[PDB]
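Some notes on the structure that comes next.
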Amino acid sequence: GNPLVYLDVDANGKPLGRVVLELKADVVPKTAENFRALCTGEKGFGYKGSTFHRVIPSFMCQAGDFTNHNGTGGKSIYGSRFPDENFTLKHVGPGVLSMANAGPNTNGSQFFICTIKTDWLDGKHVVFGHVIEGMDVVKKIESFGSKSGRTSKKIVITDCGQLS
Ligand SMILES: CCOC(=O)CNC(=O)NCc1ccc(N)cc1
Numbered sequence: 044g045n046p047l048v049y050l051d052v053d054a055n056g057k058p059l060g061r062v063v064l065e066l067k068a069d070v071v072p073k074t075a076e077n078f079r080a081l082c083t084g085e086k087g088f089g090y091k092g093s094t095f096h097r098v099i100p101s102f103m104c105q106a107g108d109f110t111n112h113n114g115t116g117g118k119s120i121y122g123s124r125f126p127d128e129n130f131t132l133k134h135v136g137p138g139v140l141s142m143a144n145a146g147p148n149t150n151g152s153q154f155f156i157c158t159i160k161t162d163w164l165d166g167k168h169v170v171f172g173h174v175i176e177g178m179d180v181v182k183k184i185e186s187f188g189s190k191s192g193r194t195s196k197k198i199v200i201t202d203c204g205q206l207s
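Be aware that the sequence shown starts at 44, since it is given in the deposited numbering, and climbs by one per residue.
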């Protein structure tokens, strides 16, 4: 079935808990596989140690720039960037997992977790999963954001991997 992956998150060195995500490999296999492999670190690089660098309350929490740590970087398991696979899944509400980008066909490693329905992103960002467990943790992360996206605490993915 669809992979389950996890992110363990700290804020200023204090554990916040675990976010568990279902990846919709049935709908977006290429996009799901990229994220899965970046969680396990099996290609020799991935999310472990990277930060949530841009968090905007009542919008989303963004992470996954493990090359530049500022939202300019990251890379996929296929190459620097890969195309938009499809726009079949929509940004239906809180807990949706979607790819960050710099315009059409610029998916890398950066991703975001929505804290509201972001319907205006439909057809622009590829949705590929959702939160199974740990929305309380996501709401904690959200609470350390600001209008500008700057975080008031350093929010680190201390561990990540695949559960099934
Ligand atoms: C709600 C999502 O907001 C964005 O995605 C705003 N864009 C964004 O931060 N773009 C920087 C970026 C650069 C390279 C890659 N691969 C991905 C993203």
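By construction, the Cβ of each residue, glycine as well, lies at the ideal position given by its N, Cα and C atoms.
Review point. Any heavy atom of ligand 1 closer than 7 Å to the CB of residue 43?
Key: With the chain covering 44 to 207 only, the question about residue 43 has no answer from this structure.
Practice item. Could you check what DSSP says for residue 143 in three-state terms: helix, strand or coil? Key: coil
Check your understanding: When DSSP builds the beta bridges, which residues end up paired with residue 68?
Key -> Residue 68 is not bridged to any residue.
Exercise for review: Using three-state DSSP, classify residue 135 as helix, strand or coil.
Suggested key: coil
Review point. Does ligand 1 have even one heavy atom less than 7 Å from the beta-carbon of residue 75?
Key: no
Review point. In its own chain, which residues sit with a C-beta less than 6 Å from the C-beta of residue 133, not counting the 5 before and 5 after it?
Key: 165
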